[PDB]
$ cat input.pdb   # PDB, C-alpha atoms
MODEL        1
ATOM      1  CA  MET A   1      72.574  74.162 105.323
ATOM      2  CA  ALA A   2      73.494  74.098 101.637
ATOM      3  CA  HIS A   3      72.954  70.653 100.122
ATOM      4  CA  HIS A   4      72.705  69.615  96.467
ATOM      5  CA  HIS A   5      72.052  66.184  94.953
ATOM      6  CA  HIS A   6      73.696  64.481  91.948
ATOM      7  CA  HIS A   7      72.223  62.615  88.959
ATOM      8  CA  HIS A   8      73.530  59.948  86.557
ATOM      9  CA  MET A   9      72.324  57.356  84.029
ATOM     10  CA  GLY A  10      73.721  54.787  81.590
ATOM     11  CA  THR A  11      73.173  53.812  77.941
ATOM     12  CA  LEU A  12      72.062  50.868  75.770
ATOM     13  CA  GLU A  13      74.444  48.802  73.628
ATOM     14  CA  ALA A  14      72.335  47.783  70.612
ATOM     15  CA  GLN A  15      72.832  44.941  68.104
ATOM     16  CA  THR A  16      73.264  44.733  64.328
ATOM     17  CA  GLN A  17      70.743  42.226  62.937
ATOM     18  CA  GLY A  18      72.382  39.982  60.334
ATOM     19  CA  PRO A  19      70.878  38.538  57.112
ATOM     20  CA  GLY A  20      70.246  35.003  55.853
ATOM     21  CA  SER A  21      70.637  32.781  52.790
ATOM     22  CA  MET A  22      68.077  30.460  51.183
ATOM     23  CA  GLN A  23      66.315  30.108  47.802
ATOM     24  CA  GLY A  24      63.365  28.373  46.148
ATOM     25  CA  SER A  25      62.454  28.426  42.455
ATOM     26  CA  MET A  26      60.538  25.968  40.246
ATOM     27  CA  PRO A  27      59.079  26.709  36.782
ATOM     28  CA  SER A  28      55.725  24.935  36.898
ATOM     29  CA  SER A  29      52.751  24.699  34.542
ATOM     30  CA  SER A  30      50.140  23.928  37.214
ATOM     31  CA  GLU A  31      47.083  26.222  37.363
ATOM     32  CA  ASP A  32      48.115  27.122  40.931
ATOM     33  CA  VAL A  33      51.167  29.156  39.841
ATOM     34  CA  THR A  34      50.010  32.701  40.552
ATOM     35  CA  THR A  35      51.528  36.053  39.509
ATOM     36  CA  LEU A  36      50.793  39.672  40.465
ATOM     37  CA  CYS A  37      52.736  42.909  40.008
ATOM     38  CA  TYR A  38      53.665  44.840  43.158
ATOM     39  CA  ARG A  39      54.157  48.574  43.669
ATOM     40  CA  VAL A  40      54.426  50.158  47.118
ATOM     41  CA  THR A  41      54.867  53.801  48.065
ATOM     42  CA  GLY A  42      57.043  54.791  51.019
ATOM     43  CA  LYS A  43      58.092  57.627  53.298
ATOM     44  CA  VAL A  44      61.203  59.557  52.265
ATOM     45  CA  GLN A  45      63.281  58.184  55.136
ATOM     46  CA  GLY A  46      64.948  54.919  54.149
ATOM     47  CA  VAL A  47      64.995  52.388  51.312
ATOM     48  CA  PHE A  48      63.424  48.914  51.261
ATOM     49  CA  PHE A  49      65.539  46.244  53.019
ATOM     50  CA  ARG A  50      66.531  43.789  50.274
ATOM     51  CA  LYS A  51      67.760  41.791  53.282
ATOM     52  CA  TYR A  52      64.328  40.954  54.724
ATOM     53  CA  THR A  53      62.685  41.123  51.293
ATOM     54  CA  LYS A  54      64.921  38.458  49.748
ATOM     55  CA  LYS A  55      64.847  36.415  52.976
ATOM     56  CA  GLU A  56      61.047  36.476  52.701
ATOM     57  CA  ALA A  57      61.059  35.441  49.040
ATOM     58  CA  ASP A  58      63.721  32.777  49.624
ATOM     59  CA  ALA A  59      61.869  31.348  52.628
ATOM     60  CA  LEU A  60      58.421  31.245  50.992
ATOM     61  CA  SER A  61      59.949  30.370  47.592
ATOM     62  CA  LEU A  62      58.623  33.370  45.619
ATOM     63  CA  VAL A  63      60.109  34.217  42.236
ATOM     64  CA  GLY A  64      59.917  37.423  40.220
ATOM     65  CA  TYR A  65      61.737  40.752  40.482
ATOM     66  CA  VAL A  66      61.841  43.953  42.577
ATOM     67  CA  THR A  67      63.320  47.445  42.131
ATOM     68  CA  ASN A  68      62.922  51.036  43.348
ATOM     69  CA  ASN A  69      61.666  53.759  40.997
ATOM     70  CA  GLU A  70      62.489  57.436  40.457
ATOM     71  CA  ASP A  71      58.828  57.944  41.395
ATOM     72  CA  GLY A  72      59.955  56.910  44.866
ATOM     73  CA  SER A  73      57.807  53.796  44.959
ATOM     74  CA  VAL A  74      59.263  50.274  45.039
ATOM     75  CA  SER A  75      57.784  48.095  42.291
ATOM     76  CA  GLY A  76      58.212  44.579  40.921
ATOM     77  CA  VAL A  77      56.423  41.273  40.309
ATOM     78  CA  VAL A  78      55.751  38.253  42.568
ATOM     79  CA  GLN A  79      55.127  34.741  41.245
ATOM     80  CA  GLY A  80      54.552  31.398  42.961
ATOM     81  CA  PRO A  81      51.845  29.397  44.793
ATOM     82  CA  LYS A  82      48.746  31.465  45.538
ATOM     83  CA  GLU A  83      49.250  31.342  49.309
ATOM     84  CA  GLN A  84      52.973  32.192  49.184
ATOM     85  CA  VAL A  85      52.206  35.201  46.971
ATOM     86  CA  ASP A  86      49.705  35.987  49.734
ATOM     87  CA  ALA A  87      52.520  35.585  52.270
ATOM     88  CA  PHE A  88      54.571  38.111  50.302
ATOM     89  CA  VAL A  89      51.745  40.678  50.050
ATOM     90  CA  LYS A  90      51.095  40.249  53.786
ATOM     91  CA  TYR A  91      54.806  40.950  54.224
ATOM     92  CA  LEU A  92      54.370  43.918  51.876
ATOM     93  CA  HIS A  93      51.612  45.223  54.187
ATOM     94  CA  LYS A  94      54.285  45.339  56.900
ATOM     95  CA  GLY A  95      57.008  46.514  54.541
ATOM     96  CA  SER A  96      60.540  46.998  55.830
ATOM     97  CA  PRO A  97      60.663  47.783  59.613
ATOM     98  CA  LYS A  98      62.211  51.232  59.016
ATOM     99  CA  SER A  99      60.293  52.080  55.827
ATOM    100  CA  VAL A 100      56.973  53.773  56.592
ATOM    101  CA  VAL A 101      54.813  52.476  53.740
ATOM    102  CA  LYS A 102      52.319  55.033  52.418
ATOM    103  CA  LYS A 103      50.109  52.884  50.181
ATOM    104  CA  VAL A 104      50.422  49.413  48.628
ATOM    105  CA  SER A 105      49.296  48.748  45.049
ATOM    106  CA  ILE A 106      49.075  45.330  43.386
ATOM    107  CA  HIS A 107      48.196  44.401  39.784
ATOM    108  CA  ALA A 108      46.524  41.355  38.224
ATOM    109  CA  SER A 109      49.318  40.842  35.655
ATOM    110  CA  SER A 110      49.681  37.204  34.625
ATOM    111  CA  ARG A 111      52.788  34.993  34.672
ATOM    112  CA  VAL A 112      56.052  36.711  33.765
ATOM    113  CA  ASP A 113      59.664  35.496  33.681
ATOM    114  CA  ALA A 114      61.556  36.108  36.954
ATOM    115  CA  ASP A 115      64.585  38.437  36.921
ATOM    116  CA  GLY A 116      65.622  39.145  40.535
ATOM    117  CA  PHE A 117      64.659  40.948  43.745
ATOM    118  CA  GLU A 118      66.898  43.985  44.286
ATOM    119  CA  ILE A 119      66.071  47.581  45.211
ATOM    120  CA  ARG A 120      67.663  49.188  42.158
ATOM    121  CA  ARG A 121      68.209  52.928  42.397
TER     122      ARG A 121
ENDMDL
END
$ encode --input "input.pdb" --output "structure tokens"
Amino acid sequence: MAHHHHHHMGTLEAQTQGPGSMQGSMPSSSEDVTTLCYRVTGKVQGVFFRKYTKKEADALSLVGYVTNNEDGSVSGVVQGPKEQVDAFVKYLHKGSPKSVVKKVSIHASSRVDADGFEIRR
């Protein structure tokens, strides 16, 4: 009695996650206005999602500027309330979902004038 059995499976229809749009910027003189320079290193796989980065900054109302470097690392400066800068660095510890961050590096640099968050290449 010859008898063979079949096999079959399906697939998964994924989704494209959209962006958002907010913004928060105030030039203050209060002692609380904090500023630190950011520089993160990443795996050579994919660039930093300006999407989630700017959404983060816009939501928590951080000002400053971000860009990618020929060194490979993504650098910039964050300014704003101490705790929101904290929020951003905590975000930076996570990085972009598809960017395997190697090492994060921050710098004590005092208040600068904001320019814009955009992974320039």
$ residues_near_point --input "input.pdb" --point "(46.1, 32.4, 40.6)" --cutoff "9 Å" --atoms "all atoms listed in the file" --output "list in words"
residues 31, 32, 33, 34, 35, 36, 80, 81, 82 and 110 of chain A
$ axis_aligned_box --input "input.pdb" --around "range 72-89 of chain A" --padding-each-side "8 Å" --output "lines of an AutoDock Vina configuration file"
center_x = 54.4
center_y = 43.2
center_z = 46.3
size_x = 27.2
size_y = 43.5
size_z = 28.0
$ closest_residue --input "input.pdb" --among "A:53, A:76, A:10, A:46" --to "residue 94 in chain A" --atoms "only C-alpha atoms"
A:53
$ atom_distance --input "input.pdb" --atom1 "CA of residue 22 in chain A" --atom2 "CA of residue 55 in chain A"
7.0 Å
$ resolve_selection --input "input.pdb" --expression "the PyMOL selection byres ((chain A and resi 41) around 6)" --output "ChimeraX atom specification"
/A:40,42,73,101-103
$ closest_residue --input "input.pdb" --among "A:7, A:30, A:18, A:23" --to "residue 61 in chain A" --atoms "all atoms listed in the file"
A:23
$ atom_distance --input "input.pdb" --atom1 "CA of residue 84 in chain A" --atom2 "CA of residue 71 in chain A"
27.5 Å
$ resolve_selection --input "input.pdb" --expression "the PyMOL selection byres ((chain A and resi 54) around 9)" --output "JSON, numbers by chain"
{"A": [20, 21, 22, 23, 49, 50, 51, 52, 53, 55, 56, 57, 58, 59, 117, 118]}
$ resolve_selection --input "input.pdb" --expression "the PyMOL selection byres ((chain A and resi 78) around 9)" --output "number ranges by chain"
A: 34-38, 57, 62-66, 76-77, 79-80, 85, 88-89, 112, 114
$ write_last_selection --input "input.pdb" --atoms "C-alpha atoms" --output "PDB file, in the frame of the given file"
ATOM      1  CA  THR A  34      50.010  32.701  40.552  1.00  0.00           C
ATOM      2  CA  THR A  35      51.528  36.053  39.509  1.00  0.00           C
ATOM      3  CA  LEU A  36      50.793  39.672  40.465  1.00  0.00           C
ATOM      4  CA  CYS A  37      52.736  42.909  40.008  1.00  0.00           C
ATOM      5  CA  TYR A  38      53.665  44.840  43.158  1.00  0.00           C
ATOM      6  CA  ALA A  57      61.059  35.441  49.040  1.00  0.00           C
ATOM      7  CA  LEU A  62      58.623  33.370  45.619  1.00  0.00           C
ATOM      8  CA  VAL A  63      60.109  34.217  42.236  1.00  0.00           C
ATOM      9  CA  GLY A  64      59.917  37.423  40.220  1.00  0.00           C
ATOM     10  CA  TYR A  65      61.737  40.752  40.482  1.00  0.00           C
ATOM     11  CA  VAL A  66      61.841  43.953  42.577  1.00  0.00           C
ATOM     12  CA  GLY A  76      58.212  44.579  40.921  1.00  0.00           C
ATOM     13  CA  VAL A  77      56.423  41.273  40.309  1.00  0.00           C
ATOM     14  CA  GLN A  79      55.127  34.741  41.245  1.00  0.00           C
ATOM     15  CA  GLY A  80      54.552  31.398  42.961  1.00  0.00           C
ATOM     16  CA  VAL A  85      52.206  35.201  46.971  1.00  0.00           C
ATOM     17  CA  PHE A  88      54.571  38.111  50.302  1.00  0.00           C
ATOM     18  CA  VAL A  89      51.745  40.678  50.050  1.00  0.00           C
ATOM     19  CA  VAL A 112      56.052  36.711  33.765  1.00  0.00           C
ATOM     20  CA  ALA A 114      61.556  36.108  36.954  1.00  0.00           C
TER      21      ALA A 114
END
$ atom_distance --input "input.pdb" --atom1 "CA of residue 39 in chain A" --atom2 "CA of residue 16 in chain A"
28.4 Å
$ closest_residue --input "input.pdb" --among "A:108, A:26, A:70, A:48" --to "residue 96 in chain A" --atoms "all atoms listed in the file"
A:48
$ residues_near_point --input "input.pdb" --point "(67.0, 49.4, 45.9)" --cutoff "6 Å" --atoms "all atoms listed in the file" --output "ChimeraX atom specification"
/A:67-68,118-121
$ residues_around --input "input.pdb" --residues "residue 45 in chain A" --least-positions-apart "3" --cutoff "10 Å" --atoms "all atoms listed in the file" --output "PyMOL selection string"
chain A and resi 42+98-100
$ closest_residue --input "input.pdb" --among "A:17, A:86, A:95, A:11" --to "residue 43 in chain A" --atoms "all atoms listed in the file"
A:95
